[PDB]
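# Working through the structure, step by step
What follows is each chain in one-letter form.
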Amino acid sequence: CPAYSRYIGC
Amino acid sequence: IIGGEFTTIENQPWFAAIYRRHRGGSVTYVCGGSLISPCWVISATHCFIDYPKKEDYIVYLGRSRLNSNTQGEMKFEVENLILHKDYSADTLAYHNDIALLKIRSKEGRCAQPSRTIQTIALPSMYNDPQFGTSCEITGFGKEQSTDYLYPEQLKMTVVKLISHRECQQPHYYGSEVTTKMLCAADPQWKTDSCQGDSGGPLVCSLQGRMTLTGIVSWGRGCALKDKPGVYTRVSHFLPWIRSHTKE
(Lines give C-alpha, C1' and ligand atoms only; values in the text may rest on other atoms or scores of the structure.)
Protein backbone atom coordinates (compact mmCIF):
# COMPACT_ATOMS: atom_id res chain seq x y z
CA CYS A 1 0.00 0.00 0.00
CA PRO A 2 1.76 3.13 -1.34
CA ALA A 3 1.20 6.29 0.68
CA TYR A 4 -0.86 7.87 -2.15
CA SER A 5 -2.99 4.84 -3.12
CA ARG A 6 -6.64 5.58 -3.96
CA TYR A 7 -7.57 1.93 -3.43
CA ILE A 8 -10.39 0.93 -1.08
CA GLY A 9 -8.11 -1.78 0.35
CA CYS A 10 -5.61 0.84 1.57
CA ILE B 1 -15.17 11.61 -6.75
CA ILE B 2 -14.50 14.99 -5.12
CA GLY B 3 -16.92 17.64 -6.34
CA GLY B 4 -18.58 16.87 -9.65
CA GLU B 5 -22.08 15.61 -10.05
CA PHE B 6 -24.23 12.61 -9.29
CA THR B 7 -24.92 10.83 -12.53
CA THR B 8 -26.37 7.66 -13.98
CA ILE B 9 -24.78 4.82 -15.93
CA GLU B 10 -26.24 6.14 -19.22
CA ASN B 11 -23.80 9.06 -19.19
CA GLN B 12 -20.83 6.69 -18.68
CA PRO B 13 -22.05 3.32 -20.10
CA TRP B 14 -18.53 1.85 -20.34
CA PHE B 15 -18.16 2.07 -16.57
CA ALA B 16 -17.74 -1.31 -14.85
CA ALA B 17 -18.35 -1.91 -11.10
CA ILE B 18 -16.02 -4.58 -9.62
CA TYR B 19 -16.78 -6.42 -6.41
CA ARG B 20 -15.23 -9.23 -4.40
CA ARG B 21 -16.98 -12.01 -2.44
CA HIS B 22 -15.42 -12.91 0.91
CA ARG B 23 -15.29 -16.20 2.78
CA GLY B 24 -18.61 -15.61 4.51
CA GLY B 25 -20.71 -14.78 1.50
CA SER B 26 -20.32 -11.02 2.05
CA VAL B 27 -19.63 -8.97 -1.10
CA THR B 28 -17.86 -5.63 -1.16
CA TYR B 29 -16.80 -3.10 -3.76
CA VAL B 30 -13.25 -3.26 -4.97
CA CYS B 31 -12.63 -0.87 -7.86
CA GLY B 32 -13.89 0.69 -11.04
CA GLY B 33 -13.04 -0.43 -14.56
CA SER B 34 -14.01 0.13 -18.20
CA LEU B 35 -15.58 -1.97 -20.93
CA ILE B 36 -13.19 -1.85 -23.88
CA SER B 37 -14.74 -4.66 -25.93
CA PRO B 38 -17.70 -6.94 -25.26
CA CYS B 39 -15.67 -9.59 -23.39
CA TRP B 40 -13.04 -7.32 -21.81
CA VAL B 41 -12.93 -4.90 -18.94
CA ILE B 42 -9.81 -2.98 -18.16
CA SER B 43 -8.76 -1.84 -14.66
CA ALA B 44 -5.77 -1.46 -12.32
CA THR B 45 -3.58 -4.29 -11.08
CA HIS B 46 -3.47 -3.02 -7.49
CA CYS B 47 -7.20 -3.77 -7.17
CA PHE B 48 -6.48 -7.46 -7.30
CA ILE B 49 -2.95 -7.96 -6.15
CA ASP B 50 -3.95 -8.89 -2.59
CA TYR B 51 -6.57 -11.48 -3.58
CA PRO B 52 -5.66 -12.73 -7.10
CA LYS B 53 -8.18 -15.52 -7.51
CA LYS B 54 -10.53 -14.65 -10.37
CA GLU B 55 -13.27 -16.75 -8.83
CA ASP B 56 -13.80 -14.26 -6.04
CA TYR B 57 -14.78 -11.41 -8.36
CA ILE B 58 -17.94 -10.12 -9.89
CA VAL B 59 -18.29 -7.41 -12.51
CA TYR B 60 -21.44 -5.37 -13.04
CA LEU B 61 -22.21 -3.34 -16.11
CA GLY B 62 -25.16 -1.03 -16.39
CA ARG B 63 -24.94 -0.23 -12.64
CA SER B 64 -25.65 3.31 -11.29
CA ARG B 65 -25.79 2.46 -7.53
CA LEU B 66 -23.18 0.98 -5.22
CA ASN B 67 -25.16 -1.35 -2.97
CA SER B 68 -28.44 -1.76 -4.83
CA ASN B 69 -29.61 -2.84 -8.30
CA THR B 70 -30.13 -0.67 -11.41
CA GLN B 71 -32.68 -1.54 -14.09
CA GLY B 72 -30.72 -2.93 -17.04
CA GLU B 73 -27.60 -4.04 -15.17
CA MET B 74 -25.79 -7.27 -16.02
CA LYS B 75 -23.70 -9.41 -13.68
CA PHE B 76 -20.50 -11.25 -14.84
CA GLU B 77 -17.95 -13.72 -13.58
CA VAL B 78 -14.29 -13.25 -14.37
CA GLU B 79 -12.96 -15.95 -16.71
CA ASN B 80 -9.41 -14.55 -16.87
CA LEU B 81 -7.73 -12.11 -14.47
CA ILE B 82 -4.58 -10.67 -16.03
CA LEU B 83 -2.28 -8.64 -13.83
CA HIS B 84 0.69 -6.84 -15.32
CA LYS B 85 3.94 -8.75 -14.68
CA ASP B 86 5.96 -5.57 -14.12
CA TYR B 87 3.39 -4.18 -11.66
CA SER B 88 4.93 -2.70 -8.56
CA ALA B 89 3.87 -0.59 -5.61
CA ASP B 90 6.53 1.93 -4.62
CA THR B 91 6.62 3.93 -1.46
CA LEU B 92 4.27 6.62 -2.88
CA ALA B 93 2.99 5.42 -6.28
CA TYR B 94 2.20 2.36 -8.38
CA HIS B 95 3.90 1.36 -11.62
CA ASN B 96 2.41 -0.55 -14.56
CA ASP B 97 -0.92 -0.29 -12.78
CA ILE B 98 -3.01 -2.04 -15.40
CA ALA B 99 -5.16 -5.16 -15.40
CA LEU B 100 -7.55 -7.06 -17.63
CA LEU B 101 -10.63 -9.11 -16.83
CA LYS B 102 -12.37 -11.35 -19.34
CA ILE B 103 -15.98 -11.41 -18.32
CA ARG B 104 -18.46 -14.23 -18.71
CA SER B 105 -22.00 -14.47 -17.51
CA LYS B 106 -22.97 -17.66 -15.75
CA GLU B 107 -24.77 -18.31 -19.05
CA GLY B 108 -21.58 -17.90 -21.07
CA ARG B 109 -22.15 -14.50 -22.69
CA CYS B 110 -19.95 -11.42 -23.10
CA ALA B 111 -21.66 -7.97 -22.61
CA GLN B 112 -24.46 -6.82 -24.91
CA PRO B 113 -24.75 -3.09 -25.67
CA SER B 114 -27.92 -1.39 -24.43
CA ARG B 115 -29.10 2.03 -23.33
CA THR B 116 -26.92 1.46 -20.23
CA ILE B 117 -23.95 -0.59 -21.58
CA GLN B 118 -21.48 0.44 -24.31
CA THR B 119 -17.75 -0.11 -25.00
CA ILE B 120 -15.15 2.69 -24.88
CA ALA B 121 -12.49 2.89 -27.61
CA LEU B 122 -8.78 2.53 -26.86
CA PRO B 123 -6.44 5.22 -28.13
CA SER B 124 -3.85 4.73 -30.87
CA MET B 125 -0.48 3.71 -29.52
CA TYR B 126 1.35 6.67 -27.93
CA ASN B 127 -1.40 9.05 -29.14
CA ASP B 128 -2.57 11.29 -26.25
CA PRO B 129 -4.42 14.62 -26.41
CA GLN B 130 -3.02 18.06 -25.60
CA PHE B 131 -2.27 19.13 -22.09
CA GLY B 132 -5.08 21.39 -20.85
CA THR B 133 -7.68 19.14 -22.57
CA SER B 134 -10.82 18.45 -20.49
CA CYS B 135 -11.54 14.79 -19.65
CA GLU B 136 -14.21 12.88 -17.69
CA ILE B 137 -13.75 10.59 -14.67
CA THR B 138 -16.42 8.49 -12.99
CA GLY B 139 -16.76 6.31 -9.91
CA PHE B 140 -18.19 5.28 -6.53
CA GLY B 141 -15.19 6.73 -4.70
CA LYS B 142 -15.29 8.97 -1.64
CA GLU B 143 -16.76 12.44 -1.93
CA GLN B 144 -14.10 13.71 0.55
CA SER B 145 -10.67 12.36 1.57
CA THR B 146 -11.81 12.34 5.18
CA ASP B 147 -15.05 10.38 4.66
CA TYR B 148 -15.53 6.86 5.97
CA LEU B 149 -18.56 6.06 3.78
CA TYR B 150 -18.89 5.84 0.00
CA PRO B 151 -21.66 7.43 -2.03
CA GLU B 152 -24.57 5.18 -3.07
CA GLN B 153 -25.05 6.92 -6.43
CA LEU B 154 -22.48 7.06 -9.22
CA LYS B 155 -20.67 10.33 -9.76
CA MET B 156 -18.57 12.00 -12.46
CA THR B 157 -16.55 15.18 -12.89
CA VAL B 158 -14.26 16.96 -15.34
CA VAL B 159 -10.49 17.42 -15.03
CA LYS B 160 -7.83 18.73 -17.37
CA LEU B 161 -4.71 16.85 -18.45
CA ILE B 162 -1.54 18.34 -17.02
CA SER B 163 1.84 18.54 -18.76
CA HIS B 164 4.52 16.17 -17.67
CA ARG B 165 6.83 19.05 -17.02
CA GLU B 166 4.34 20.61 -14.81
CA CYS B 167 3.74 17.27 -13.24
CA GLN B 168 7.39 16.58 -12.51
CA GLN B 169 7.69 19.78 -10.54
CA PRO B 170 8.87 19.31 -6.99
CA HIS B 171 5.92 21.00 -5.36
CA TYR B 172 3.87 18.58 -7.50
CA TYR B 173 5.13 15.02 -7.67
CA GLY B 174 8.69 15.49 -8.83
CA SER B 175 10.42 12.34 -10.00
CA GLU B 176 7.62 9.95 -9.11
CA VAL B 177 5.46 10.70 -12.19
CA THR B 178 6.93 8.77 -15.11
CA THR B 179 6.14 8.92 -18.83
CA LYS B 180 3.86 5.86 -18.56
CA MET B 181 1.55 7.91 -16.33
CA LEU B 182 -0.69 10.97 -16.95
CA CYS B 183 -1.62 13.69 -14.48
CA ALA B 184 -5.01 15.40 -14.52
CA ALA B 185 -6.52 17.84 -12.08
CA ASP B 186 -8.81 20.73 -11.64
CA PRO B 187 -7.40 24.12 -12.52
CA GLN B 188 -8.70 25.43 -9.15
CA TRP B 189 -8.10 22.12 -7.37
CA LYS B 190 -11.76 21.66 -6.42
CA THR B 191 -12.52 18.34 -8.14
CA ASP B 192 -10.67 14.99 -8.31
CA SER B 193 -10.92 11.21 -8.13
CA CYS B 194 -10.52 9.79 -4.60
CA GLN B 195 -10.28 6.54 -2.62
CA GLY B 196 -12.55 3.96 -4.28
CA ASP B 197 -12.40 5.46 -7.80
CA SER B 198 -9.31 3.31 -8.45
CA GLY B 199 -9.30 1.29 -11.67
CA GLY B 200 -11.88 3.71 -13.13
CA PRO B 201 -11.81 5.54 -16.51
CA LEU B 202 -10.34 8.82 -17.59
CA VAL B 203 -12.10 9.59 -20.88
CA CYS B 204 -11.02 12.28 -23.24
CA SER B 205 -12.16 13.24 -26.70
CA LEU B 206 -9.34 12.45 -29.10
CA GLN B 207 -9.72 13.31 -32.75
CA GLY B 208 -13.51 13.15 -32.58
CA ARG B 209 -13.64 10.02 -30.53
CA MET B 210 -14.33 9.55 -26.88
CA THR B 211 -11.33 7.54 -25.84
CA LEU B 212 -9.99 5.78 -22.70
CA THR B 213 -6.93 7.85 -22.00
CA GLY B 214 -6.32 6.90 -18.36
CA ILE B 215 -7.01 4.50 -15.51
CA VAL B 216 -7.25 5.92 -12.01
CA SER B 217 -3.98 4.96 -10.27
CA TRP B 218 -2.87 7.26 -7.42
CA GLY B 219 -2.72 10.75 -5.98
CA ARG B 220 -1.95 12.36 -2.63
CA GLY B 221 -5.14 13.25 -0.87
CA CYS B 222 -8.01 14.20 -3.12
CA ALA B 223 -8.54 17.64 -4.76
CA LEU B 224 -5.49 18.78 -2.79
CA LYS B 225 -3.57 21.76 -4.00
CA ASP B 226 -0.62 20.91 -6.23
CA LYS B 227 -1.21 17.20 -6.11
CA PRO B 228 -2.98 15.98 -9.29
CA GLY B 229 -4.73 12.68 -9.78
CA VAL B 230 -2.38 10.28 -11.53
CA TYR B 231 -3.46 7.81 -14.15
CA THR B 232 -2.05 4.90 -16.07
CA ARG B 233 -1.32 6.16 -19.61
CA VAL B 234 -3.39 3.71 -21.64
CA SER B 235 -1.91 4.65 -25.04
CA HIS B 236 1.39 3.15 -23.83
CA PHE B 237 -0.09 -0.34 -23.22
CA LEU B 238 -1.66 -1.33 -26.55
CA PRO B 239 0.79 -4.21 -27.11
CA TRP B 240 0.29 -5.55 -23.59
CA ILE B 241 -3.46 -5.14 -24.17
CA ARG B 242 -3.72 -6.52 -27.72
CA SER B 243 -1.64 -9.60 -26.78
CA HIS B 244 -4.21 -10.66 -24.19
CA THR B 245 -7.35 -9.48 -26.01
CA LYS B 246 -6.43 -11.57 -29.06
CA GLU B 247 -7.15 -15.04 -27.59
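As summarised from the PDB record, the model derives from X-ray crystallography at a stated resolution of 2.06 Å.

Residues and elements named next belong to chain B. On inspection of all chains with the given rule, the structure shows nine salt bridges over all chains. A salt bridge links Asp128 to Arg233, with the nearest nitrogen and oxygen atoms 3.2 Å apart. Taken as a pair, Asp128 in the loop between β9 (99-104) and β10 (134-139) and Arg233 in strand β15 (residues 229-233) lie far apart in primary sequence, 105 residues in all. A residue is classified by how much of its surface remains accessible, and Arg233, at 14% relative accessible area, is buried. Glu143 is paired through a salt bridge with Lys155; the nearest N and O atoms lie 3.1 Å apart. Here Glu143 is found in the loop between β10 and β11 (155-162), whereas its partner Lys155 is found in strand β11, with twelve residues between them in sequence.

The subject of this paragraph is helix α2 (residues 238-245) of chain B. For an α-helix, the turn length of 3.6 residues means that residues three or four places apart are oriented alike. All names here are of chain B. Along α2, the positions that sit buried rather than exposed are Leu238, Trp240 and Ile241. Along α2, the residues classed as buried sweep out an arc of 160 degrees about the axis, all on the same side. Each element contacted by the buried residues of α2 is listed here: β3 (27-37), β4 (40-43), β6 (74-83) and β9.

Right, let's get into the domain arrangement of chain B. Residue and element names in this part refer to chain B. Per the domain assignment, the segments making up chain B are domain 1 (1-12 + 120-235) and domain 2 (13-119 + 236-247). The C-alpha centroid of domain 2 is placed 18 Å from the C-alpha centroid of domain 1. Contacts between the two partners involve 42 residues from domain 1 and, on the opposite side, 40 residues from domain 2. Of the roughly 3400 Å² buried at the junction of domain 1 and domain 2 (both faces included), carbon and sulfur atoms supply 61%. Inspection of the domain 1/domain 2 interface yields two salt bridges. Inspection of the domain 1/domain 2 interface yields 20 residue pairs in polar contact. If you list the elements that add at least two residues to the side of domain 1 that touches domain 2, you get β10, β13 (201-206), β14 (209-218) and β15. Residue classes in the side of domain 1 that touches domain 2 are distributed as 20 nonpolar, 16 polar and six charged.

With that settled, the discussion passes to the state of the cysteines. All names here are of chain B. Scanning the model with the defined rule gives six disulfides over all chains in all. Here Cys135 engages in a disulfide with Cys204; their sulfurs sit 1.5 Å apart. Taking the sign of the S-S torsion, 95 degrees for the link of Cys135 and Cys204, the bridge is right-handed. With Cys135 in strand β10 and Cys204 in strand β13, this residue pair connects regions lying 69 residues apart in the sequence. Judged by its relative accessible area of 1%, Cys204 falls in the buried class. Each sulfur in the disulfide pair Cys194 and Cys222 lies 1.9 Å from the other. The disulfide joining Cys194 to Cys222 has a torsion of about 75 degrees about its S-S bond and is therefore right-handed. Of this pair, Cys194 sits in the loop between β12 (181-185) and β13 while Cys222 sits in the loop between β14 and β15, and the two are 28 residues apart along the sequence.

Thresholds applied
- Residues numbered from 1 in each chain as written, not as in the entry; some residues may be left out.
- Chains lettered and ligands numbered in written order.
- Heavy atoms only, no water.
- Salt bridge = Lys/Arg side-chain N within 4 Å of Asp/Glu carboxyl O.
- Helix = DSSP H or I, 4+ residues; strand = E, 2+ residues; numbered from the N terminus.
- Buried < 20%, exposed > 50% of the residue type's maximum accessible area, 1.4 Å probe, protein only.
- Arc of directions from axis to C-beta.
- Contact = heavy atoms within 4.5 Å.
- Domains from an automatic or database assignment.
- Buried area = accessible area lost by both parts, 1.4 Å probe.
- Polar contact = N/O pair within 3.5 Å; in protein donor to acceptor, adjacent residues only side chain to side chain.
- Nonpolar A, V, L, I, M, F, W, Y, C, P; charged D, E, K, R; others polar.
- Disulfide = S-S within 2.5 Å.

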